[PDB]
Structures are given as C-alpha cells and as structure tokens.
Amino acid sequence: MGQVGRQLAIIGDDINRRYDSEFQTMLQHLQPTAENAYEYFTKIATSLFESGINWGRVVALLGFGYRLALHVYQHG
C-alpha cells in the first residue's frame, strides 16, 4: 500500500517531466481562446478516439485538457 503509493508518485512525477513541455508546445500551435476551447477539446476528443481508445490516450487527453484550461486562464 504505502510502497505502491510511492511507486505511483515516481510514475506520476515521471509523466510530468516527460510530456508537460510537449503539451505547452501543442497549445502554442493551437492558439485557443475562451470561445473555442470547449469545441477544440470536444473535437480533439472525437479525433483522438476515432483512431482508438485506451487508458493512456484517455490519460493524455485529461492532462492536455487540464493544460488547455490553464493556458486559457493565463492568456485570456
């Protein structure tokens, strides 16, 4: 339990360090606003899952959406 919790922390911190900078760049090429962010996310979800759905892709979309939310906060 406590040991697996720490291993999840290592995986979690690993996910952060690997892809967080990749999301920032994906948001720059996007240039989203407070009026296209929801439709962009919804269309991106359909486009992603059309080629297949797995837990990694769901987890990638959730992290991207959270980073999308932060980007629209900071540059809106």
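Each residue number is its position in the shown sequence, starting from 1. For clarity, a rigid core is taken as the largest C-alpha set superposing within 1.5 Å between two forms.
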{"property": "Positional deviation of Cα atoms in 7 other deposited structures of this protein after core superposition, greater for 24-32 or 40-48", "result": "24-32"}
{"property": "In 7 other deposited structures of this protein, rigid core aligned: more displaced of 4-12 and 65-73 by C-alpha RMS", "result": "4-12"}
{"property": "Stretch with the greater mean C-alpha B-factor as recorded in the entry, comparing 52-60 against 17-25", "result": "17-25"}
{"property": "Residue stretch of maximal mean CA temperature factor, 6-14 vs 62-70", "result": "6-14"}
